[PDB]
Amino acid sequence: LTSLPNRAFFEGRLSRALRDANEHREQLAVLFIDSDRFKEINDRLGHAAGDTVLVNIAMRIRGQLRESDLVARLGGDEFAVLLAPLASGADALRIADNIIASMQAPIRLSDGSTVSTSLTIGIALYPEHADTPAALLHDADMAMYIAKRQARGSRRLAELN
């Protein structure tokens, strides 16, 4: 266990954060992070190593967020981050850049072995992209798929797909 809040919890914070944002004129963002080439790592190193990587990734994500932001594991190799309140989309991209830059440093395994991985991020914005939690999540999900598709270790802002 990574000790990070789960999906259910994340969806809750989102609903309320979305309200707060709408009530008072503010912006919020949902970022989706997918560890690059996770499967290959498992096959070659095993699931035990995969976990150690997830844990490390969890810390590297949290260590780059404001105490106001939220980090939760959607499951397996994917994480979901809440950026609220946001002053603009530029900030959301700024934080994503930082998250991807923190992964540039190799991950030291329990037996001295090193593992270098990348983070693919899909950024969905409110209220530009979506007006509700579901859609905002779906948008961050799809934008995170295309990124994996176009390039990995990259961030991608949703647009009509």
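In this text, residue numbers run from 1 along the sequence as written.
Enquirer: Quick check: 19-27 versus 140-148, which has the larger average CA B-factor in the record?
Expert: Higher of the two, by average CA B-factor, is 19-27.
Enquirer: Tell me which of 51-59 and 124-132 has the higher mean C-alpha B-factor in the deposited entry.
Expert: Here the higher of the two C-alpha B-factor means belongs to 124-132.
Enquirer: Specify which of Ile95, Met103, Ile33, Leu70 carries the largest Cα B factor in the deposited PDB entry.
Expert: Reading the PDB entry, the winner on C-alpha B-factor is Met103.
Enquirer: Using only modelled residues of the chain, where does the Cα B factor of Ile41 rank: lowest third, middle third or highest third?
Expert: CA B-factor rank for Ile41: highest third.
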